[PDB]
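A.B. asks: My questions will all concern the structure given below.
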Amino acid sequence: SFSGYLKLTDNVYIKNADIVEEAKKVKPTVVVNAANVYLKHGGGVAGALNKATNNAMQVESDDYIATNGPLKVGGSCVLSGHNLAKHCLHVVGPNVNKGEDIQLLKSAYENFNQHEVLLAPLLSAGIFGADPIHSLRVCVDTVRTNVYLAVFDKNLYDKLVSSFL
Ligand SMILES: O=C(O)Cn1ccc(Br)cc1=O
């Protein structure tokens with residue numbers, strides 16, 4: 001199971017970890033991907049998860065987009081977790097760098113409530129441009145299911161823990 005996590009609330013846990021390495025170790029039922037609406041897994045968490053699947057996540061995602069069209073910002077889809085998890089929940093948080101609406105971050109986190117337990121990154125953090133402290137606050141105030149947050153950057157992990165209200 002999940003180990004070495006710091007408990008933030010009744011249902012939110014956090015660890016300084018590479019989510020790919022965490023997924024390979026725990027083999028969770030659900031790993032959350034920081035997806036974009038096109039499921040183009042180029043960089044950040046998406047690029048790293050996709051590379052760990054030997055591009056199988058991207059091939060599967062391109063078939064999903066060909067059939068269904070793009071996701072909405074704030075939306076999600078459930079696809080295979082390949083060698084990382086039973087399922088991958090591709091969640092689209094708003095990308096501030098692309099001028100997307102930051103109020104959609106709460107809608108993005110609501111997707112986590114459809115899964116009892118998840119391994120996840122902070123939505124809209126990193127290359128998505130949002131304030132990670134604000135993302136963690138929205139996470140704790142929105143997600144009611146068991147979420148295990150993997151924060152890649154040590155300095156950010158330390159700041160998130162020390163500033164947590
Ligand atoms: O650490 C993360 O999980 C995401 N991330 C990565 C690197 C930096 Br710097 C900021 C940030 O939000």
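By convention in this document, the chains of the structure tokens carry letters A, B, ... by their order, each chain's residues are numbered from 1, and ligands are numbered from 1 in the order they are shown.
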Give the residues close to ligand 1, within 10 Å, counting only C-alpha atoms and all ligand atoms; write them as a VMD selection string.

C.D. replies: chain A and resid 15 to 19 44 to 45 120 to 133 135 149 to 157 160

A.B. asks: Can I get the selected residues back with C-alpha atoms, as a short mmCIF file (atom, residue, chain, number, x, y, z; two decimals), in the first residue's frame?

C.D. replies:
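File produced: selection.cif:
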```cif
data_model
loop_
_atom_site.label_atom_id
_atom_site.label_comp_id
_atom_site.auth_asym_id
_atom_site.auth_seq_id
_atom_site.Cartn_x
_atom_site.Cartn_y
_atom_site.Cartn_z
CA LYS A 15 4.63 12.88 0.08
CA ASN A 16 7.70 14.30 -1.72
CA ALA A 17 7.88 11.72 -4.50
CA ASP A 18 8.09 11.17 -8.22
CA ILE A 19 4.54 10.03 -9.11
CA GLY A 44 5.31 17.45 -16.74
CA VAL A 45 3.44 14.60 -15.07
CA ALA A 120 -2.36 12.05 -7.72
CA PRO A 121 -0.35 15.17 -8.47
CA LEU A 122 -1.50 18.68 -7.38
CA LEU A 123 -3.74 19.82 -10.20
CA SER A 124 -2.67 22.79 -12.24
CA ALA A 125 0.70 22.88 -10.43
CA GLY A 126 4.07 22.76 -12.25
CA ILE A 127 3.96 23.65 -15.92
CA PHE A 128 0.19 24.37 -15.63
CA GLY A 129 1.14 27.64 -13.90
CA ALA A 130 -1.23 27.82 -10.92
CA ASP A 131 -0.20 28.51 -7.30
CA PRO A 132 0.39 25.01 -5.78
CA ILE A 133 -0.50 26.29 -2.28
CA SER A 135 -4.20 23.96 -5.51
CA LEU A 149 -0.57 13.46 -3.33
CA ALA A 150 2.91 13.03 -4.82
CA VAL A 151 4.80 16.37 -4.97
CA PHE A 152 7.90 16.07 -7.11
CA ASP A 153 9.81 19.22 -6.03
CA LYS A 154 11.34 18.94 -2.50
CA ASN A 155 11.32 22.69 -1.90
CA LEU A 156 7.69 22.91 -2.94
CA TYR A 157 6.77 19.89 -0.74
CA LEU A 160 3.24 23.08 1.08
#
```

A.B. asks: Considering only alpha helix (DSSP H) as DSSP defines it on the backbone, what residues of chain A qualify? List them as a ChimeraX atom specification.

C.D. replies: /A:19-26,44-52,56-68,104-110,132-142,154-163

A.B. asks: For residue 30 (chain A), which of A:159, A:137, A:98, A:90 is the closest residue, counting only C-alpha atoms?

C.D. replies: A:90

A.B. asks: Using only C-alpha atoms, determine which residues lie at most 9 Å from residue 58 (chain A), disregarding the query and same-chain residues fewer than 4 positions distant; provide the list as a list in words.

C.D. replies: residues 39, 40, 41, 50, 51, 53, 54, 62 and 63 of chain A

A.B. asks: Based on the selection just made, write C-alpha atoms of those residues as an mmCIF file, in the first residue's frame.

C.D. replies:
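Listing of out02.cif after writing:
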```cif
data_model
loop_
_atom_site.group_PDB
_atom_site.id
_atom_site.type_symbol
_atom_site.label_atom_id
_atom_site.label_comp_id
_atom_site.auth_asym_id
_atom_site.auth_seq_id
_atom_site.Cartn_x
_atom_site.Cartn_y
_atom_site.Cartn_z
ATOM 1 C CA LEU A 39 -4.578 14.072 -24.032
ATOM 2 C CA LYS A 40 -1.233 15.106 -25.577
ATOM 3 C CA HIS A 41 1.163 13.830 -22.901
ATOM 4 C CA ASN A 50 3.393 8.379 -20.738
ATOM 5 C CA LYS A 51 7.141 7.687 -21.096
ATOM 6 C CA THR A 53 4.186 3.260 -20.310
ATOM 7 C CA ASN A 54 6.538 3.133 -23.390
ATOM 8 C CA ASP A 62 -5.110 9.234 -29.385
ATOM 9 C CA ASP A 63 -7.719 6.488 -30.025
#
```

A.B. asks: Which is closest to residue 91 (chain A) among A:34, A:20, A:48, A:143, if we use only C-alpha atoms?

C.D. replies: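 The shortest atom-to-atom distance to residue 91 (chain A) comes from A:34.
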
A.B. asks: Using DSSP on the backbone coordinates, identify all residues within region 7-145 of chain A classified as strand (DSSP E or B); present the result as JSON, numbers by chain.

C.D. replies: {"A": [7, 12, 13, 14, 15, 16, 30, 31, 32, 33, 34, 76, 77, 78, 79, 80, 87, 88, 89, 90, 91, 117, 118, 119, 120]}

A.B. asks: Go ahead and write the residues just picked, N, CA, C and O atoms, as a short mmCIF file (atom, residue, chain, number, x, y, z; two decimals), in the first residue's frame.

C.D. replies:
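Output saved as out-v1.cif:
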```cif
data_model
loop_
_atom_site.label_atom_id
_atom_site.label_comp_id
_atom_site.auth_asym_id
_atom_site.auth_seq_id
_atom_site.Cartn_x
_atom_site.Cartn_y
_atom_site.Cartn_z
N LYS A 7 -0.09 12.93 6.79
CA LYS A 7 -1.53 13.12 6.80
C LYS A 7 -1.85 14.62 6.93
O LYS A 7 -1.40 15.25 7.89
N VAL A 12 -6.74 13.45 2.98
CA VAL A 12 -5.68 13.94 2.09
C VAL A 12 -4.32 13.67 2.71
O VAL A 12 -4.08 14.04 3.88
N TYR A 13 -3.46 13.01 1.95
CA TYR A 13 -2.10 12.63 2.35
C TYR A 13 -1.13 13.20 1.34
O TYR A 13 -1.49 13.41 0.19
N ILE A 14 0.11 13.47 1.76
CA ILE A 14 1.09 14.08 0.86
C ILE A 14 2.49 13.52 1.09
O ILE A 14 2.85 13.16 2.20
N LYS A 15 3.27 13.43 0.01
CA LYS A 15 4.63 12.88 0.08
C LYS A 15 5.48 13.56 -0.98
O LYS A 15 4.96 13.93 -2.04
N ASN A 16 6.78 13.75 -0.71
CA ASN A 16 7.70 14.30 -1.72
C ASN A 16 8.13 13.08 -2.52
O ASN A 16 8.90 12.25 -2.03
N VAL A 30 -5.98 3.67 -9.03
CA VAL A 30 -6.08 4.85 -9.88
C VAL A 30 -4.87 5.75 -9.70
O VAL A 30 -4.56 6.15 -8.58
N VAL A 31 -4.22 6.08 -10.80
CA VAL A 31 -3.22 7.11 -10.83
C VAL A 31 -3.84 8.27 -11.62
O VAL A 31 -4.43 8.05 -12.67
N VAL A 32 -3.76 9.49 -11.11
CA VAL A 32 -4.26 10.66 -11.80
C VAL A 32 -3.18 11.24 -12.68
O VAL A 32 -2.06 11.42 -12.25
N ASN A 33 -3.54 11.52 -13.94
CA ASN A 33 -2.66 12.23 -14.82
C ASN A 33 -3.08 13.70 -14.91
O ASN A 33 -4.27 14.03 -14.95
N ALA A 34 -2.09 14.61 -14.96
CA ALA A 34 -2.30 16.03 -15.18
C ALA A 34 -2.40 16.22 -16.68
O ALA A 34 -1.44 16.57 -17.36
N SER A 76 -12.58 15.02 -17.10
CA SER A 76 -11.73 13.86 -16.97
C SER A 76 -12.24 12.71 -17.81
O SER A 76 -13.38 12.72 -18.28
N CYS A 77 -11.40 11.71 -17.96
CA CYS A 77 -11.77 10.43 -18.51
C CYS A 77 -10.94 9.35 -17.84
O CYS A 77 -9.81 9.59 -17.38
N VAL A 78 -11.50 8.14 -17.77
CA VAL A 78 -10.83 6.99 -17.21
C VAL A 78 -10.29 6.13 -18.33
O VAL A 78 -11.06 5.68 -19.19
N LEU A 79 -8.99 5.90 -18.33
CA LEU A 79 -8.37 5.03 -19.31
C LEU A 79 -7.50 3.99 -18.56
O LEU A 79 -7.50 3.96 -17.32
N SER A 80 -6.82 3.10 -19.28
CA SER A 80 -5.98 2.10 -18.64
C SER A 80 -4.82 2.76 -17.90
O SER A 80 -4.30 3.80 -18.32
N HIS A 87 -6.13 1.81 -13.41
CA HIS A 87 -6.69 2.86 -14.23
C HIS A 87 -5.89 4.13 -14.15
O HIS A 87 -5.27 4.41 -13.13
N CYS A 88 -5.96 4.93 -15.20
CA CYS A 88 -5.44 6.28 -15.15
C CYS A 88 -6.63 7.22 -15.31
O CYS A 88 -7.35 7.14 -16.30
N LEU A 89 -6.83 8.10 -14.32
CA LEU A 89 -7.85 9.11 -14.40
C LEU A 89 -7.18 10.37 -14.95
O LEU A 89 -6.39 11.02 -14.27
N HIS A 90 -7.41 10.66 -16.23
CA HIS A 90 -6.83 11.83 -16.87
C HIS A 90 -7.67 13.01 -16.50
O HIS A 90 -8.82 13.07 -16.94
N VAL A 91 -7.15 13.93 -15.67
CA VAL A 91 -7.91 15.09 -15.23
C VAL A 91 -7.32 16.35 -15.80
O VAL A 91 -6.12 16.52 -15.72
N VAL A 117 -9.99 5.75 -3.79
CA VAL A 117 -8.62 6.06 -3.46
C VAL A 117 -7.83 6.35 -4.73
O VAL A 117 -7.99 5.67 -5.76
N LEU A 118 -6.97 7.38 -4.66
CA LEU A 118 -6.19 7.76 -5.83
C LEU A 118 -4.78 8.18 -5.44
O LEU A 118 -4.59 8.80 -4.39
N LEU A 119 -3.84 7.93 -6.34
CA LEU A 119 -2.47 8.47 -6.29
C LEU A 119 -2.55 9.67 -7.27
O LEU A 119 -3.00 9.48 -8.40
N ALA A 120 -2.16 10.90 -6.85
CA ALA A 120 -2.36 12.05 -7.72
C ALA A 120 -1.33 13.12 -7.59
O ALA A 120 -0.81 13.30 -6.50
#
```

A.B. asks: Using only C-alpha atoms, which of A:6, A:23, A:108, A:73 sits nearest residue 86 (chain A)?

C.D. replies: A:23

A.B. asks: Residues within 12 Å of residue 10 (chain A), please, as JSON, numbers by chain. Count only C-alpha atoms; anything in the same chain fewer than 6 positions from it doesn't count.

C.D. replies: {"A": [140, 141, 143, 144, 145, 146, 147, 148]}

A.B. asks: What gap, in Å, lies between CA of residue 60 (chain A) and CA of residue 36 (chain A)?

C.D. replies: 14.7 Å

A.B. asks: As an exercise, work out the distance from CA of residue 37 (chain A) to CA of residue 104 (chain A) in Å and give it to one decimal place.

C.D. replies: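 Taking CA of residue 37 (chain A) as the start and CA of residue 104 (chain A) as the end point, the length is 13.1 Å.
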
A.B. asks: Go through A:136, A:22, A:47, A:142 one by one, measure the shortest atom-to-atom distance of each to residue 5 (chain A) using only C-alpha atoms, and give the residue with the smallest value.

C.D. replies: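 For residue 5 (chain A), the nearest of the candidates is A:22.
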
A.B. asks: Measuring atom to atom with only C-alpha atoms, identify which of A:97, A:82, A:11, A:57 is nearest to residue 113 (chain A).

C.D. replies: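 Of A:97, A:82, A:11, A:57, the one nearest residue 113 (chain A) is A:11, counting only C-alpha atoms.
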
A.B. asks: Which of these residues is nearest to residue 70 (chain A), using only C-alpha atoms: A:52, A:138, A:92, A:161?

C.D. replies: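 Smallest distance to residue 70 (chain A) is found for A:92.
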
A.B. asks: Quick one: distance from CA of residue 105 (chain A) to CA of residue 35 (chain A) in Å, one decimal?

C.D. replies: 12.8 Å
